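Visitor: Starting off with a structure, shown below.
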Amino acid sequence: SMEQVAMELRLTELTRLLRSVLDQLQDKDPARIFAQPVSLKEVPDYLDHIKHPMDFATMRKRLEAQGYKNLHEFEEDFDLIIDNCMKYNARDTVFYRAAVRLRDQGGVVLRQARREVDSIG
């Protein structure tokens, strides 16, 4: 149908906007602490602590399959990255501190993303 196509064009354009959002958020992680999944070879107990691991490469795979239907879903995954780190790592660690800075800096980006998603529809 033509309606299915229009819907698919809308998902494609959201994917475009989320890709640019993703790039902006990942620039706020210049140390690349959140770039890849925590290694279960190097942290064998990780899944006993963290039930839903997340990282920027895993988001990018979901994104490119057009697997985010709305901004809320994308933000859920970004919050997992931050929140998982803040639980597993103590306050005095470079990892925890990196997550705090990513959260604070990402907030600005996500604020305008929401406006753009509503504005363009």
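No lab work stands behind these numbers, since they all come straight from the coordinates. Positions of Cβ are generated from backbone atoms using ideal geometry, with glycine treated the same way; all protein chains shown enter the neighbour counts.
Visitor: Six or more apart or on different chains, Cβ under 8 Å: which pairs go from a residue in the range 4-16 that's in contact (Cβ under 8 Å) with a residue 60 or more places away in the chain and farther than 13 Å from residue 68 by Cα to one that's acidic (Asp, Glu) and exposed (fewer than 10 other Cβ atoms within 10 Å of the Cβ)? Could you list them?
Guide: Pairs found: none.
Visitor: Take the residues of the range 62-121 that are within 21 Å of residue 11 (Cβ to Cβ) and of a type in the set (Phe, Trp, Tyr): which is surrounded by the most Cβ atoms within 10 Å (Cβ to Cβ)?
Guide: 74
Visitor: Could I ask something else about it? Any idea which residue in the range 74-114 is nearest to residue 38 (Cα to Cα), counting only those that are among the polar types (S, T, N, Q) and either touching a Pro at 6+ places or on another chain (Cβ under 8 Å) or part of a loop (DSSP other than H, G, I, E, B) (or both)?
Guide: Ranking the candidates gives 84 first.
Visitor: List pairs: first residue in the range 39-53 and within 17 Å of residue 81 (Cβ to Cβ), second residue in a loop (DSSP other than H, G, I, E, B) and among the acidic types (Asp, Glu) anywhere in the structure, Cβ distance under 7 angstrom, at least six positions apart or on different chains.
Guide: Every condition considered, no pair remains.
Visitor: May I pose another question? Might you let me know whether the range 50-73 holds any residue that is of a type in the set (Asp, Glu), within 27 Å of residue 121 (Cβ to Cβ), touching a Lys or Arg at 6+ places or on another chain (Cβ under 9 Å) and assigned to a helix (DSSP H, G or I)?
Guide: Yes, some residue in the range 50-73 is of a type in the set (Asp, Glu), within 27 Å of residue 121 (Cβ to Cβ), touching a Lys or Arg at 6+ places or on another chain (Cβ under 9 Å) and assigned to a helix (DSSP H, G or I).
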